[PDB]
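Participant: Right, I'll just put the structure down here and ask away after.
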Amino acid sequence: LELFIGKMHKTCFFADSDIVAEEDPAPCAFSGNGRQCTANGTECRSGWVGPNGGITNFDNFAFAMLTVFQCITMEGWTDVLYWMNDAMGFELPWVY
Amino acid sequence: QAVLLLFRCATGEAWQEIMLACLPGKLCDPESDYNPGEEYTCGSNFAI
Amino acid sequence: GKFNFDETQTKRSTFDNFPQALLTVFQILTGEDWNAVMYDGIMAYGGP
Amino acid sequence: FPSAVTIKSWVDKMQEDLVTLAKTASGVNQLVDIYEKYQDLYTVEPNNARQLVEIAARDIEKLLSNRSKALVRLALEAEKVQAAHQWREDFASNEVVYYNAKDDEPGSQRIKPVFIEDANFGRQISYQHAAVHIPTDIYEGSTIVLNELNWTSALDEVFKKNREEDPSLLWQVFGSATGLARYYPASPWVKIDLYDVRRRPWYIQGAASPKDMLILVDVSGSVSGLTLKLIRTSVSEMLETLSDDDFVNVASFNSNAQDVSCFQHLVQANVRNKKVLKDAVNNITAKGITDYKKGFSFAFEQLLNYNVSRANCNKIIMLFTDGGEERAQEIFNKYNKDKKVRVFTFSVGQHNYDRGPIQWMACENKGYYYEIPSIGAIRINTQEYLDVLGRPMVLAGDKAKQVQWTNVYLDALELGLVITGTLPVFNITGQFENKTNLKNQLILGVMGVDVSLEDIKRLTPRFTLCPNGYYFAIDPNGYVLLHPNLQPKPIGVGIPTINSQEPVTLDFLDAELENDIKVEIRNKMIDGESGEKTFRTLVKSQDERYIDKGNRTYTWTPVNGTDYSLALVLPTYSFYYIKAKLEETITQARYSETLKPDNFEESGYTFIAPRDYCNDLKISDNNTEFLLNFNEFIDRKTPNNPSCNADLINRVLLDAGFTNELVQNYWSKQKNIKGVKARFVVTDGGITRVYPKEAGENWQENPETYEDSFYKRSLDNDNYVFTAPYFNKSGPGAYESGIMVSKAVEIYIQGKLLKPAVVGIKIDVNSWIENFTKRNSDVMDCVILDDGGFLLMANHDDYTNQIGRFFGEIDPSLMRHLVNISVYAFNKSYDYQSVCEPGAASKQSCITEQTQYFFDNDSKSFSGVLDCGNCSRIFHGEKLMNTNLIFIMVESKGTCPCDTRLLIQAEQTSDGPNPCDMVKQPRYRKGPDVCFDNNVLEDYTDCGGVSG
Ligand SMILES: *[C@@H]1O[C@H](CO)[C@@H](O[C@@H]2O[C@H](CO)[C@@H](O[C@@H]3O[C@H](CO)[C@@H](O[C@@H]4O[C@H](CO)[C@@H](O)[C@H](O)[C@H]4NC(C)=O)[C@H](O)[C@H]3NC(C)=O)[C@H](O)[C@H]2NC(C)=O)[C@H](O)[C@H]1NC(C)=O
Ligand SMILES: *[C@@H]1O[C@H](CO)[C@@H](O[C@@H]2O[C@H](CO)[C@@H](O[C@@H]3O[C@H](CO)[C@@H](O)[C@H](O)[C@H]3NC(C)=O)[C@H](O)[C@H]2NC(C)=O)[C@H](O)[C@H]1NC(C)=O
Ligand SMILES: *[C@@H]1O[C@H](CO)[C@@H](O[C@@H]2O[C@H](CO)[C@@H](O)[C@H](O)[C@H]2NC(C)=O)[C@H](O)[C@H]1NC(C)=O
Ligand SMILES: *[C@@H]1O[C@H](CO)[C@@H](O[C@@H]2O[C@H](CO)[C@@H](O)[C@H](O)[C@H]2NC(C)=O)[C@H](O)[C@H]1NC(C)=O
Ligand SMILES: *[C@@H]1O[C@H](CO)[C@@H](O[C@@H]2O[C@H](CO)[C@@H](O)[C@H](O)[C@H]2NC(C)=O)[C@H](O)[C@H]1NC(C)=O
Ligand SMILES: *[C@@H]1O[C@H](CO)[C@@H](O[C@@H]2O[C@H](CO)[C@@H](O)[C@H](O)[C@H]2NC(C)=O)[C@H](O)[C@H]1NC(C)=O
Ligand SMILES: *[C@@H]1O[C@H](CO)[C@@H](O)[C@H](O)[C@H]1NC(C)=O
Ligand SMILES: [Ca+2]
Ligand SMILES: [Ca+2]
C-alpha cells in the first residue's frame, strides 16, 4: 500500500476517445518512469478499471491482502510484477 | 534479466511457453549484427 | 451457470455440471491457474 | 394607430410603385409582342396527354423485352452447357484460365486484360472476356469452384453475342450457387470486400417465391451469454434476406410466448419495419424456462390470422434455439398435419445439449437443420434456407421461368440507380433419361441483366412539356420506378446517433405531396387500369420553401409488358407547345451569332441549358465552357444536323433571336434605372440572359431552365412572384444581388394559351428602403412578407440586416398568431433522402420533416389584436394586388416583454412517421400472383443431418 497505490490505472486509449488501444492492456508510467505507448494514434491517461478488471491492485487493504496471497502461492506472481515494470520503473518492484 | 527469467522458471510460471519462444524460427532485434537477407535465424533447438 | 457474463468467449473451467465441476476443483487443487477461476467467480457476483 | 382606410391607401400606393416598375423595366408585354408578331418561325403543336403515355409505355415495354430475350438466351445456354460437364477432380494438368476481379494457383491461370475506358460505364472495361468475382470467405482453387469455372466459361460467347445485338446493354451477370459471380464486360472489382452474390436482392427473388416468415427466438435462461449474442446477430442477418414482397414477424418464448415488438402480426418487411424488428431483437434478455408447446402454438396461430395483408405463399417458421428434450408432437399434429408450414431449426452457440428433438422438428415438417457455433457461421447458414424453398420451383419446370424485375437500388459497381432482370437456372444433368434426380432439385444459379434508370428516362422526353410537367412510373408495391424526386441516395430511417446495401424504395405518396385524391389515383395505377383525372392540387416548389396550388391532369396506363404503370403529369396551359420551323440559312446563322461571349456587352450575359442535343457535344455541368463548345459546334458542322435532332437545337436557336430582340430593342434604350439592379429573361428553349454583363456574376440560378425554382413558381401564378433571398450569407445575396421578381409571359396564337418564358428584374434593396419610409422607429413596426412568411422589407435597419429570413424566427409571437387567424396555412412533409447530422446518444442519411407556408384565405384585409399576456398589440395586415406580398404593421415588440419559442421553418431532423400504427392501416398493394410451394414430387428426405 505504501510503496504504490492506484498506480495501475493509466492505460493507453486512442486519441480523443474512450476506447482502449490494445486487446490486452497494460499500465503506462505513473509519472514518466515506466512504460509509454509509442503508437501514433494513442495517448494514455487515468480512467482504467485495472489489470484483471480491478481484482489485482494494491489500492485497498482487502485488495492488497488478496494480491499478496496470490503471489505467495507462486501462481500468477510474475503478472503482478510485470504490470509494475510498466506502472513504474524496473528498480523498485523487483525487490518487493 | 536472464537471472530473473530462470527464477521465473524455478517457480514454474510458464516455463513451457518460454521454451516454445526460443525455437529457431524467431525474429532478431536490429541492434544485433546479422548478415543481410536473413531475419528469422536466431533461436536454437537446444531450447528443449 | 453464472460464468456466462463475458458474452464474448466460452469459459472451459466452469461448474456447469458435476463432471466439469469435478475437473475444475481438481485443477484448483493442483494450484494451476487457480486465480483465473477465482476471478471468474468474483466477476460472476458483481465484480471488485 | 392609423385607421384601416388610411393604411389601405398607403399600401395601395406601394402596389403600383412595385408592379409598374416590374411591368416596365422587365418588359413583360414587350416580349409578348415579339412572340405574337411573328407566328411564322414557329408552329403551335398539340401536346396530347393520352398518345404520349401510350407511346412511352410501349417504348418502356420494348426496352424490357430486349432484356427478357437476353435473359432467356443466357439461361437456356447455361443449362445446356452445364448438362454436358464431366466433373473431374484434377485441374493441375488441364488448368482453367479466367480473369479474377480484385487482383493486381493449383489449376488456375490468370488473365491480364487491357481495360479501355468507355461511355455509359464510369469505369474501365474490356469486351474481350468476362470477369469472375469470388468472395473472400470462399477459396478459389477448390474442386467445387474449379469445376464451376469450366461450364461457366461457355457463357462468355453468349455474353458477347448479346452485346452485339444490343450495344446499349449494361452488366449481365451469372450468380452461382457455389458463390462466384461471372459478369460481362470484365471490369476490376470496387476497405475489405464483403460482397456475396447469393445475398443480393436480385439473386434472392429468383431463388424462391415470397414467404410469410415467423422467427421464434428462444429466450430461456440457458441461452444467456455468448449464445444469445449469436442469436441476435443471426436474426438480424436473416432479416437482410427479405424484401418488400415477404412478410415477417419475430416472436420469443420463455414459459410464455410473446412478440418482441409492437407489430403483433406479419408486416411487409420493408426498410422501416425491419428496422423496428432489428431494434427489438437487439433488446431481448434471457430468463425463465423453455416451453416449445407454448412457443409453437403462438407461431402457428399467427400464420392463420387472415385479417391482415400477407404473401399467401411459403409459410415457414425459423426456430432459433440451442437444444432441449421437448418434441411437441401434439402441437405439430394439431396445427400442421398436412405439412402446409415448413419448420427450419437452428442450433446456435457452443453447447452440449440435445440436438435430437431440434433435428426431428426440421424434417417432420419439410425443413432443414442448421448449426451456428460461431460468428463466422452466421453469414452462410442464414441464407441456405433458400435452397429448400426453391425445391417446388424447379419441379414446376418451364412455367417457373418468368422474368422478374427488382426494386430500384444502387449498382454494386458504381453505376447509379438500376433495376435487374432475373431468371433461375436449373440442373438438368441426366434429365433426358431421369436417372439421378437427387441433386437436380436445386437451382444452378440466377441470371441477371441490369437496366439503368437513365435508360428509362431517355424513353420519356420532357422538353416538349412544361417545366411543371413530368412522367412517373409506379410499382405494385406503390414504389416509384421513375420520379423527379427520386435521388441516387439511400433512404434513411430513424435518427442517426453514434458516439447502401438496401434498395431505394420510395413510395409514390412520399415522392410528392400526399393528397386524398392521389391515393385513389395510386390505387387505380396499382391494379393496372388506364384513366385520366383533372383536379386542383397544391405543389411544393423546387426549393422546399414555397407551396402553390394549380390545376394538374394525371393520365396513366398500364404497361402490358410488366407490372409497372406509367403516368404523365401535365398541367393546363401546356397542352400546346412551340415547335420551331425554320430551315433557311441566314435567318438561323444570325441567331447563332447572339451566343458569342464577346457579344455579351450588348446582348447581355447569356447562358444555355446543358441538354443532350447529341453525342458529339458533351455537357460540362458548368456552362463556362459548354457555351464555347456549343457555339463552336454548330458553325463547325453542317446545319442539316445529319446525326441528331434539330428540334432541340431549332428551339434554343429560335429563342436566341427572341431574347436578343428584347435586349436590343427595349433593354438597351434604358441603360440604367434607379430601382433596378438586373434584368433577366428565362426561356423554355434553355437560355437565360442578364442585361448588365457585370450582373451575370451574381446569377446563382441553374443554367437548366427546367430546374429553376422561380421559373416553375411563375408559371403557376397569374401575377408577379417575389423570391426571397437566402439567409446565412449563402453567397452574395444580401445587398449586392437584389430581390428577384418574375412574371411569366402569356401569348395567344389561335386562342390557345402558352407560357414560353418568364421575365423579371432584381430590385435594389437600398432603393426600396427609401421609398418604403417616404424609419427605425421605436414604437411602430412595418415589415413586408411574401407568400411563405419570408422577410423582404423592414422598418428598423436591424430586421433588414437579416434579410430573407422566416418571420417566425424574428417575431415568433406575431407569426404564430397569423397562422391561428388563418392567414398562413402550412403542410408538413417527410424527406426520406437527405444528408443528416449525427447526434449524441461526415454526415449520414436520415428523415427530415419539411414545412412550408402559404396563403390560406382569399381575403385581403386583416386586422386584430395580439394578446401576449398582461399587454396588448394591435395589428393590421393588407395584401398587395397582383403579387404574393403582404404588408403588416405592428407595435414594437419591446412594449410587451414577452418572447416565446421561435417558430422554425427549416430542415428539421425527425424519425417519423411512427410505424407501429402505420401497419394497422397499411397502404394498398398487390402482390405477385405466382406461388410455387407444396409440390408432392419433392423429396425432402435429407433432413438436415444425414452427414451427422
Ligand atoms: C447437378 O447434378 C449432378 C447430379 O444430378 C451433379 O453431378 C454429381 O456431382 C457429384 C459431386 O458434386 C459427383 O459425386 C461423385 O461421388 C462422390 C460424392 O461426393 C465423390 O467422392 C467423394 O465423396 C465424398 C463424400 O463424403 C466427398 O467428401 C469427397 O470430396 C469426394 N471426392 C473424393 C474423395 O475425391 C466423387 O469424387 C464425385 N465425383 C466423381 C465420382 O467424379 C457425382 O458423381 C455427380 N453425378 C453425376 C451424374 O454427374 C452436379 O454436380 C450438379 N451440378 C452442380 C453445379 O452442382
Ligand atoms: C473444362 O476443362 C476441360 C479440360 O481443359 C476442357 O476440355 C478440353 O477442351 C479442349 C479445347 O476445346 C479440348 O481440346 C480439343 O478438343 C477437341 C474437341 O473434341 C478435340 O479435337 C480434342 O479433344 C482437342 N484437340 C486437340 C488436343 O488437338 C479437349 O479435348 C478438352 N478435354 C480435355 C482436355 O480433356 C473444357 O472445355 C472445360 N470446360 C468447358 C465448359 O469448356
Ligand atoms: C508513426 O510515427 C510517426 C508519427 O508519430 C510517423 O512519422 C511521421 O511523423 C510526423 C509527425 O507527426 C507525421 O507528420 C508524418 O505523417 C509521419 N509519417 C511520415 C513522415 O511518413 C511514422 O511514419 C508513423 N509510422 C507509421 C505510420 O507506420
Ligand atoms: C396493352 O394492351 C391493351 C389491350 O391488350 C391495349 O388496349 C388497346 O386500346 C386501344 C384503345 O385504347 C383499343 O383500340 C385496342 O383494341 C386495345 N387492345 C386490344 C387488344 O383490345 C393497350 O394499348 C396496350 N398498351 C400499350 C401501351 O400499347
Ligand atoms: C379476423 O380474425 C379473427 C381471429 O383472429 C376472426 O375472429 C373473429 O373476431 C371478431 C372480433 O372479435 C368477431 O367477429 C368474432 O369474435 C370472431 N369470429 C367471427 C366469425 O367473426 C375474424 O373472423 C377475422 N375476420 C374479421 C373480418 O375480423
Ligand atoms: C395540406 O394543406 C392544409 C394545410 O393547412 C391541410 O388541409 C386542410 O386541413 C384542414 C384541417 O383538417 C381542413 O379543415 C381543410 O379543409 C383542409 N384543406 C383542404 C382539404 O383543402 C392539410 O394539412 C393538408 N391537406 C390535405 C392533406 O389534404
Ligand atoms: C430492342 O428494343 C427496340 C425498342 O426499344 C426494338 O426496336 C428492337 O427491335 C429490339 N431488339 C433489338 C435487337 O434491338
Ligand atoms: Ca503455474
Ligand atoms: Ca433452455
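Letters A, B, ... mark the chains of the C-alpha cells in the order given; residue numbers begin at 1 per chain; ligand numbers begin at 1, in order shown.
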Please write out the residues within 6 Å of ligand 7 as a list in words, counting only C-alpha atoms and all ligand atoms.

Facilitator: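 Final answer, ordered by chain and number: residues 59, 62, 63, 66, 165 and 166 of chain D.
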
Participant: Taking only C-alpha atoms and all ligand atoms into account, which residues have an atom no farther than 10 Å from ligand 4? I'd like them as a list in words.

Facilitator: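 So the residues close to ligand 4 are residues 50, 51, 52, 53, 54, 55, 56, 57, 58, 59, 60, 61, 529, 530, 556, 557, 558, 559, 560, 561, 565 and 566 of chain D.
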
Participant: Return as a tab-separated table the residues of chain A lying at most 10 Å from chain B, together with the closest atom-to-atom pair for each and the distance in Å to one decimal, counting only C-alpha atoms, with rows in chain order and ascending residue number.

Facilitator:
residue	atom	partner	partner_atom	distance
A:73	CA	B:11	CA	9.7
A:74	CA	B:11	CA	6.5
A:75	CA	B:13	CA	6.9
A:76	CA	B:13	CA	7.1
A:77	CA	B:13	CA	8.2
A:78	CA	B:8	CA	7.4
A:79	CA	B:13	CA	9.6
A:94	CA	B:4	CA	9.0

Participant: Any chance you can output those residues with N, CA, C and O atoms as an mmCIF file, in the first residue's frame?

Facilitator:
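To be explicit, this is the file written out as result_3.cif:
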data_model
loop_
_atom_site.group_PDB
_atom_site.id
_atom_site.type_symbol
_atom_site.label_atom_id
_atom_site.label_comp_id
_atom_site.auth_asym_id
_atom_site.auth_seq_id
_atom_site.Cartn_x
_atom_site.Cartn_y
_atom_site.Cartn_z
ATOM 1 N N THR A 73 1.545 -18.029 -3.261
ATOM 2 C CA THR A 73 1.348 -19.366 -3.805
ATOM 3 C C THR A 73 2.062 -19.565 -5.134
ATOM 4 O O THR A 73 1.926 -20.632 -5.739
ATOM 5 N N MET A 74 2.802 -18.558 -5.601
ATOM 6 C CA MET A 74 3.612 -18.646 -6.816
ATOM 7 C C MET A 74 2.764 -18.939 -8.049
ATOM 8 O O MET A 74 3.238 -19.548 -9.009
ATOM 9 N N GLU A 75 1.507 -18.506 -8.038
ATOM 10 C CA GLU A 75 0.615 -18.651 -9.182
ATOM 11 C C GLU A 75 0.209 -17.259 -9.642
ATOM 12 O O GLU A 75 -0.512 -16.552 -8.931
ATOM 13 N N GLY A 76 0.662 -16.874 -10.828
ATOM 14 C CA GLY A 76 0.388 -15.543 -11.337
ATOM 15 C C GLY A 76 1.059 -14.434 -10.555
ATOM 16 O O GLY A 76 0.447 -13.383 -10.333
ATOM 17 N N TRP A 77 2.304 -14.644 -10.127
ATOM 18 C CA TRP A 77 3.047 -13.613 -9.418
ATOM 19 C C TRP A 77 3.939 -12.785 -10.329
ATOM 20 O O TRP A 77 4.271 -11.650 -9.977
ATOM 21 N N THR A 78 4.343 -13.323 -11.480
ATOM 22 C CA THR A 78 5.098 -12.526 -12.438
ATOM 23 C C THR A 78 4.207 -11.542 -13.178
ATOM 24 O O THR A 78 4.684 -10.489 -13.610
ATOM 25 N N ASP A 79 2.925 -11.870 -13.342
ATOM 26 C CA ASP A 79 1.998 -10.934 -13.968
ATOM 27 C C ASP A 79 1.865 -9.665 -13.143
ATOM 28 O O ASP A 79 1.845 -8.559 -13.691
ATOM 29 N N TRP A 94 10.984 -5.172 -8.453
ATOM 30 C CA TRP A 94 11.629 -6.483 -8.417
ATOM 31 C C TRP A 94 12.097 -6.849 -7.015
ATOM 32 O O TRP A 94 12.145 -8.034 -6.672
#

Participant: Tell me, as number ranges by chain, which residues lie within 10 Å of residue 39 (chain B), counting only C-alpha atoms; anything in the same chain fewer than 2 positions away does not count.

Facilitator: B: 25-30, 34-37, 41-42

Participant: When the cut-off is 6 Å and you count only C-alpha atoms and all ligand atoms, which residues lie near ligand 6, shown as a short mmCIF file (atom, residue, chain, number, x, y, z; two decimals) with N, CA and C atoms, in the first residue's frame?

Facilitator:
data_model
loop_
_atom_site.label_atom_id
_atom_site.label_comp_id
_atom_site.auth_asym_id
_atom_site.auth_seq_id
_atom_site.Cartn_x
_atom_site.Cartn_y
_atom_site.Cartn_z
N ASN D 515 -52.10 13.50 -50.94
CA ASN D 515 -53.43 14.08 -51.06
C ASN D 515 -54.46 12.95 -51.06
N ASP D 516 -55.69 13.29 -50.68
CA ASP D 516 -56.76 12.31 -50.69
C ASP D 516 -57.13 11.87 -52.10
N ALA D 825 -51.47 29.06 -43.96
CA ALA D 825 -51.58 27.63 -43.75
C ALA D 825 -50.21 26.99 -43.89
N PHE D 826 -50.12 25.70 -43.55
CA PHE D 826 -48.85 25.01 -43.68
C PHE D 826 -49.08 23.51 -43.81
N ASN D 827 -48.41 22.90 -44.78
CA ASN D 827 -48.39 21.46 -44.98
C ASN D 827 -47.03 20.94 -44.52
#

Participant: So that I can check the secondary structure, give me every residue of chain C assigned alpha helix (DSSP H) by backbone DSSP, as number ranges by chain.

Facilitator: C: 18-30, 34-43

Participant: Atoms to include: N, CA, C and O atoms. Write the selected residues as a compact mmCIF listing (two decimals), in the first residue's frame.

Facilitator:
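Now in part.txt:
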# COMPACT_ATOMS: atom_id res chain seq x y z
N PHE C 18 -21.68 -31.77 -12.90
CA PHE C 18 -20.80 -32.48 -11.98
C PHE C 18 -19.49 -32.92 -12.61
O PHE C 18 -18.43 -32.69 -11.99
N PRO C 19 -19.45 -33.54 -13.79
CA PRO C 19 -18.14 -33.89 -14.37
C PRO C 19 -17.24 -32.70 -14.61
O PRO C 19 -16.02 -32.80 -14.41
N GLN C 20 -17.79 -31.56 -15.03
CA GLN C 20 -16.97 -30.37 -15.24
C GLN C 20 -16.57 -29.71 -13.93
O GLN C 20 -15.43 -29.27 -13.77
N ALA C 21 -17.50 -29.62 -12.97
CA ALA C 21 -17.16 -29.06 -11.67
C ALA C 21 -16.15 -29.92 -10.94
O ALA C 21 -15.39 -29.42 -10.11
N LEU C 22 -16.14 -31.22 -11.23
CA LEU C 22 -15.17 -32.12 -10.62
C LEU C 22 -13.78 -31.91 -11.20
O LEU C 22 -12.77 -32.11 -10.51
N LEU C 23 -13.69 -31.51 -12.47
CA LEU C 23 -12.41 -31.21 -13.09
C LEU C 23 -11.87 -29.85 -12.65
O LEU C 23 -10.66 -29.69 -12.49
N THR C 24 -12.75 -28.87 -12.47
CA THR C 24 -12.32 -27.55 -12.02
C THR C 24 -11.74 -27.60 -10.61
O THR C 24 -10.71 -26.98 -10.34
N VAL C 25 -12.40 -28.32 -9.71
CA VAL C 25 -11.89 -28.45 -8.35
C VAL C 25 -10.54 -29.16 -8.35
O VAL C 25 -9.63 -28.81 -7.59
N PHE C 26 -10.40 -30.17 -9.21
CA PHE C 26 -9.11 -30.84 -9.35
C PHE C 26 -8.04 -29.89 -9.87
O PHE C 26 -6.90 -29.92 -9.41
N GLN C 27 -8.40 -29.03 -10.83
CA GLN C 27 -7.44 -28.08 -11.37
C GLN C 27 -7.01 -27.06 -10.32
O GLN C 27 -5.82 -26.71 -10.24
N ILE C 28 -7.95 -26.56 -9.52
CA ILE C 28 -7.59 -25.66 -8.43
C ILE C 28 -6.77 -26.40 -7.38
O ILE C 28 -5.88 -25.81 -6.76
N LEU C 29 -7.06 -27.68 -7.17
CA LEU C 29 -6.33 -28.45 -6.17
C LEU C 29 -4.85 -28.56 -6.53
O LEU C 29 -3.98 -28.46 -5.66
N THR C 30 -4.55 -28.77 -7.82
CA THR C 30 -3.16 -28.76 -8.26
C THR C 30 -2.55 -27.37 -8.24
O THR C 30 -1.32 -27.24 -8.35
N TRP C 34 -5.34 -21.35 -10.57
CA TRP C 34 -6.41 -21.28 -9.58
C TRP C 34 -6.92 -19.85 -9.42
O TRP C 34 -8.08 -19.66 -9.04
N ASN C 35 -6.09 -18.85 -9.71
CA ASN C 35 -6.54 -17.47 -9.62
C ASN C 35 -7.46 -17.11 -10.78
O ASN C 35 -8.37 -16.29 -10.60
N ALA C 36 -7.24 -17.69 -11.96
CA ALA C 36 -8.08 -17.38 -13.10
C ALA C 36 -9.52 -17.82 -12.87
O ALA C 36 -10.47 -17.13 -13.26
N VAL C 37 -9.71 -18.98 -12.23
CA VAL C 37 -11.05 -19.41 -11.85
C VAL C 37 -11.62 -18.50 -10.77
O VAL C 37 -12.82 -18.23 -10.74
N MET C 38 -10.76 -18.02 -9.87
CA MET C 38 -11.22 -17.15 -8.79
C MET C 38 -11.72 -15.82 -9.34
O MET C 38 -12.69 -15.26 -8.82
N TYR C 39 -11.06 -15.29 -10.37
CA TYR C 39 -11.53 -14.04 -10.98
C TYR C 39 -12.91 -14.21 -11.58
O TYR C 39 -13.76 -13.33 -11.46
N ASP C 40 -13.16 -15.35 -12.24
CA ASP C 40 -14.47 -15.61 -12.81
C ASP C 40 -15.53 -15.70 -11.73
O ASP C 40 -16.66 -15.23 -11.91
N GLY C 41 -15.20 -16.33 -10.60
CA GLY C 41 -16.15 -16.39 -9.50
C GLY C 41 -16.46 -15.03 -8.91
O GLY C 41 -17.59 -14.77 -8.50
N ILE C 42 -15.46 -14.16 -8.84
CA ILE C 42 -15.68 -12.81 -8.33
C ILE C 42 -16.51 -11.99 -9.32
O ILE C 42 -17.45 -11.29 -8.93
N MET C 43 -16.17 -12.07 -10.61
CA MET C 43 -16.91 -11.31 -11.61
C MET C 43 -18.33 -11.83 -11.81
O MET C 43 -19.18 -11.10 -12.32
